[PDB]
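First, one chain by itself: the form deposited in one PDB entry, in structure tokens.
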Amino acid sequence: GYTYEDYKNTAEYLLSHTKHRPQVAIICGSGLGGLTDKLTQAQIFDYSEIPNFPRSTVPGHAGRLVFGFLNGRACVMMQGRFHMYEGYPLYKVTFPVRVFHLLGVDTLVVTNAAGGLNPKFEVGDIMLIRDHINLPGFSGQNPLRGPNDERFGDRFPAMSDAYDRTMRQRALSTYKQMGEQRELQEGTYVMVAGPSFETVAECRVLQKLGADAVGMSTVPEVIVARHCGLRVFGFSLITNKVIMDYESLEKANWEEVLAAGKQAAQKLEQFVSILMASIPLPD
């Protein structure tokens, strides 16, 4: 895989090529690339020009790294991400997270599109990620598998406090004081590898396990971020309701997923701006 020097080489490339010094990294998921629009003094790198960066092969993933200020805050944004289903091993999927750490980032915001498993969710809802279920992790697909480098973190990091409690309370609070539009949802995200969508029986499995939303990303990035000590916040856009009975003739499809992101673009933009305000400055 990647040596420590590989991560350092990439971080040094970025640090040499930009004056931006980000505090927060944001990973934009399927159809959420629009979150880069409000960056000021934006500087763009195509992933292809960044040493060791994988390529985004999925539609709705632009494949660019954008530095700028978001609500005055120094950010770096992955406009597009990587997925196991593309053929990438998790050490590639998660590579940018350790680079961000080496750039000086102290907070990772992870975003995604997700299928709703909890019947109370509607398409267009934002679900705050309170926790996850790492199904690939259980079987061996964990980005920390292999020799541990103490320069990044511990051999056996805990994940029970992965999603930052303070930011979650603040976000929930702020959306109470609105009382406008749908309320902010909260729940458990389960990662499945994909790329095919779930059967009805699989939908019922994931529900029985206690997941509220399902997708094919995010969890590995969180694990790596927590290993290197980043504060983590996550949310899903619920882009479709997972099919849960044999009567329906509806089927999950990627077109509908991207369409739901386009529709929620302004709402997501607002949410992320309020989010930045809840991140404390470094010491």
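For every residue, the number given is its place in the sequence shown, counted from 1. Only the largest set of C-alpha atoms that superpose within 1.5 Å between the two forms is called the rigid core.
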164 to 172 set against 111 to 119, stretch whose average Cα temperature factor tops the other in the entry: 164 to 172
Between 122 to 130 and 194 to 202, point out the one with the higher average CA B-factor as the PDB entry records it. 122 to 130
Which is it among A213, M78, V105, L184: the one with the largest CA B-factor in the entry? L184
Quick one: which of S236, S217, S248, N240 has the biggest Cα B-factor according to the entry? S248
Ranked against its chain, the third holding the CA B-factor of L35: highest
Entry-reported Cα temperature factor of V24, expressed as the chain third it lands in: lowest
If you rank every modelled residue in this chain by C-alpha B factor, which third holds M84: lowest, middle or highest? middle
Sorting the chain's modelled residues by C-alpha B-factor, tell me whether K92 ends up in the lowest, middle or highest third. lowest
Please say which third, lowest, middle or highest, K208 falls into when its CA temperature factor is compared across its chain. middle
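Form deposited in another entry: not shown, discussed below.
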Mobile residue between the shown form and the other one, C-alpha criterion 2 Å or more, rigid core, from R165, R151, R155, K176: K176
Rigid core fitted, then: does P59 show a CA shift of 2 angstroms or greater between the shown form and the other one? yes
Closer or farther in the other entry: C-alpha pair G60, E49 (3 angstroms or more): closer
A change of 3 Å or more separates this form from the other: in the other entry, the C-alpha atoms of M77 and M178 are closer
